[PDB]
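Peer 1: Have a look at this one before I ask anything.
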Amino acid sequence: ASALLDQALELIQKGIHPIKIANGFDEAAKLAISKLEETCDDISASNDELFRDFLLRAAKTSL
Amino acid sequence: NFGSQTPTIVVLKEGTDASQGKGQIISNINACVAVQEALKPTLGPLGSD
């Protein structure tokens with residue numbers, strides 16, 4: 001969030017209206033989510049034996 | 001006659017403001033314009049908060 005505000009401060013000094021800055025971030029937010037959604041794959045095809053492995057993978061990251 | 005002071009009677013209780021003169025009704029106009037100053041930039045979809 002602060003990174004968006006740091007790049008917005010440079011655009012305000014250039015004379016850009018703040019609403020035009022907010023309108024650009026909303027359109028760019030959906031383009032990033034739709035791009036990452038196509039890259040990921042579905043792991044639900046695996047059985048319960050492999051499904052436990054994916055739970056151990058994301059656990060060690062948050063720990 | 002009850003004292004050498006003999007105070008002068010004031011029509012209104014102490015603390016009351018004044019009026020008439022020149023610019024009394026103008027004071028009410030500048031009060032609404034100053035409040036309007038804050039609501040002007042909030043008008044329009046590109047307005048601020």
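Chains: A, B, ... in order of the structure tokens. Residues: from 1 per chain. Ligands: from 1, in order shown.
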Residues of chain A no more than 10 Å from chain B, counting only C-alpha atoms: send them over as a PDB file with N, CA, C and O atoms, in the first residue's frame.
Peer 2:
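The resulting file, part_12.pdb, is shown below:
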ATOM      1  N   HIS A  17      -4.315  14.370 -11.889  1.00  0.00           N
ATOM      2  CA  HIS A  17      -5.410  14.422 -10.935  1.00  0.00           C
ATOM      3  C   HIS A  17      -5.448  13.130 -10.120  1.00  0.00           C
ATOM      4  O   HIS A  17      -5.270  12.040 -10.676  1.00  0.00           O
ATOM      5  N   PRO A  18      -5.662  13.219  -8.803  1.00  0.00           N
ATOM      6  CA  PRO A  18      -5.620  12.004  -7.970  1.00  0.00           C
ATOM      7  C   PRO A  18      -6.618  10.934  -8.379  1.00  0.00           C
ATOM      8  O   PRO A  18      -6.329   9.742  -8.221  1.00  0.00           O
ATOM      9  N   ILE A  19      -7.788  11.319  -8.894  1.00  0.00           N
ATOM     10  CA  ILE A  19      -8.762  10.323  -9.331  1.00  0.00           C
ATOM     11  C   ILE A  19      -8.235   9.556 -10.538  1.00  0.00           C
ATOM     12  O   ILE A  19      -8.463   8.347 -10.670  1.00  0.00           O
ATOM     13  N   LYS A  20      -7.518  10.241 -11.433  1.00  0.00           N
ATOM     14  CA  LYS A  20      -6.906   9.556 -12.566  1.00  0.00           C
ATOM     15  C   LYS A  20      -5.845   8.564 -12.109  1.00  0.00           C
ATOM     16  O   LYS A  20      -5.610   7.552 -12.780  1.00  0.00           O
TER      17      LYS A  20
END
Peer 1: Out of chain B, which residues get alpha helix (DSSP H) from DSSP, as a list in words?
Peer 2: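 Those in chain B that DSSP calls alpha helix (DSSP H) are residues 24, 25, 26, 27, 28, 29, 30, 31, 32, 33, 34, 35, 36, 37, 38 and 39 of chain B.
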